[PDB]
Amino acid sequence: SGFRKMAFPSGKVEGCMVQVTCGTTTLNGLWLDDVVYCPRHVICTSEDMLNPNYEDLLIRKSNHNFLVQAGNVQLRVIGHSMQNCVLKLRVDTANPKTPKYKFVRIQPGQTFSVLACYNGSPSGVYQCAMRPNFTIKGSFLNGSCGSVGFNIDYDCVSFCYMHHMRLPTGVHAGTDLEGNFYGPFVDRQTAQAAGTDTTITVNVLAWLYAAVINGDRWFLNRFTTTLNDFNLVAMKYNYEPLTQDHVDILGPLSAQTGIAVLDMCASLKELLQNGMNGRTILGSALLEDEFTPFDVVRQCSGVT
């Protein structure tokens, strides 16, 4: 099999990216049917970013203040409104490339693909996880705002993320497609701290299963443990609590490998207390936590 950070194919999403300009600022927009979704901070001027009032700022705009370009074709804005931190720009043309889609809000620990965009043009795709502190470790440069994160279920594109800003620590913060920030962040250029991050334990375990599925077994041991005994050690290493739901989600991986979840927990416990001693798992010398159980299954099962 082999194991790689694998994103969803980005084709269905590249067909929705447009460029949105308001005044001097240009950022990406998401064009679904006759609505373009973009960060509401496009309506902000540099003399306004420290504490904008977006209702004030949006009342002073007309439709002709928004230039929306789909490639070379300019879309005429017919209406606009604000839903939380996203601006919705109603345009006179529905997107012929609109895929089956939904807006979903993901949970910390969950992964998604990010189609990084500039001037409405897709430039790269990578896999991300919503960190426990509700930040993402993305790769974004100036102009990336409005790039979206998404998962694909068969033909359905589940948009879960729109990029708004970079925190001073260099991680990234954004909203779901309903404009609601992940985590306690606000769209103001103010001091904003991401809380302390933690390791997504269930994903480390999923990744350890993927290692066994792929023949890296050196870290396995004859020992088991209880959930509660494992979680006592997990807390010391800044690892998220492991719940019975996590154990139950790891079942299919447990079944394919014949290794009990609590047995894998005892292996992780020993990895944490002893380290890898310079050894590698799946080509990494640290415990990877940005693979969910479903990620592992799909890459080890061939889902299309």
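Residue indices: 1-based, along the sequence shown.
Just going by the entry, 15 to 23 versus 285 to 293 on mean CA temperature factor gives the higher value to 15 to 23.
Comparing 32 to 40 with 56 to 64, the stretch with the higher mean C-alpha B-factor in the PDB entry is 56 to 64. Based on the entry's C-alpha B-factors, the most elevated value among 174, 170, 71, 108 belongs to 71. Highest C-alpha temperature factor among 83, 135, 201, 93 per the entry: 93.
Annotation for residue 231: CA B-factor lies in the highest third of the chain's modelled residues. Residue 127: CA B factor in the lowest third of modelled residues in this chain (values from the PDB entry). Residue 152: CA B factor lies in the middle third for its chain, per the PDB record. Per the PDB record, residue ranking by Cα B-factor puts residue 103 in the lowest third of the chain. Among the modelled residues of its chain, residue 159 has a C-alpha B-factor that falls in the lowest third, as given in the PDB entry.
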